[PDB]
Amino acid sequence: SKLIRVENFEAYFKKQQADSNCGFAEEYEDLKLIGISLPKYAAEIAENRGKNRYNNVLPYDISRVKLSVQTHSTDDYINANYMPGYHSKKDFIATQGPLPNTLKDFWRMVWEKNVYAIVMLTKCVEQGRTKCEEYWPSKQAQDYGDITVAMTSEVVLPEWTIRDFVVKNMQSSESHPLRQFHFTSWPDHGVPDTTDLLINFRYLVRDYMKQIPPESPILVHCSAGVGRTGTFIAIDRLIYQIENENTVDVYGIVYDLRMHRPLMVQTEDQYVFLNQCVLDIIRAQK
């Protein structure tokens, strides 16, 4: 009974918000251990440890994105997992902000996994610390291993920047577009003050995704690719749920996310923020 009909969501939210979000805290605490016993052997292989941004954010083997192998099995490794969306088990790839040594891997994943959209939910640097490499080029083409990327346009707003690229595999002469939705306005601490901007940003991503071929995972990342990333993915899923079923199951969504990657929706504030998102969406349904 974690399924809440939208007609009952506001009352549910108020209930869960009582006593300093006690109910939300309880739901979130219930999620705490979900997925954590899933093996993460590839992530722990010596050769792969340095490919992880955070030693405690490791992809579960069961859902990890496996890249092509060249000379060594560990070539398959990237700190990323397929995350189900509303429609399919591979609607998303949640991944960490790539490192200087995983840039090639990052683009190889982008290429091999048919990514046309990247959602980036972090600044490269937040509070004087590197959260993510600037892994994308300007107009001047850059090669990342066999993958060449050139930015074709960039539109900056205070809230987010949207960048279009052409991604080409130089080995095959295949290419296709990629749009990167760079949400630059997530607060350095805590969640956004309001939900509308992130929700509108999600709508922008979705608007673009309508133009994209099938089986094209949205690559979503922040720093660790779990907190903001999980929040964004959950919001996307919740919106479909609301739109298609008039029900929400934030718990079920986050649970599912946790079964695919650790820490998805990494703070209680984020979890409450999701519920706030649902409330705002429902309320904004005149």
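Quick note: we count residues from 1 along the sequence shown, nothing fancier.
- Higher average CA B factor: 139-147, of the stretches 109-117 and 139-147.
- On average the C-alpha atoms of 41-49 have higher B-factors than those of the other stretch, with 41-49 and 216-224 being the two compared.
- Listed residues 152, 79, 211, 175 were ranked by CA B-factor as deposited; 152 comes out on top.
- Going by the entry's values, 124 shows the largest Cα B-factor out of 83, 205, 167, 124.
- Per-chain ranking of the deposited C-alpha B factor places residue 194 in the highest third.
- For residue 184, the recorded CA B-factor ranks within the highest third of the chain. Only modelled residues enter the ranking.
- Compared with the other modelled residues of the chain, the Cα B-factor recorded for residue 26 ranks in the highest third.
- The entry lists a Cα temperature factor for residue 55 that places it in the middle third of the chain's modelled residues.
- Per the deposited record, the Cα B-factor of residue 69 falls in the highest third when ranked against the other modelled residues of its chain.
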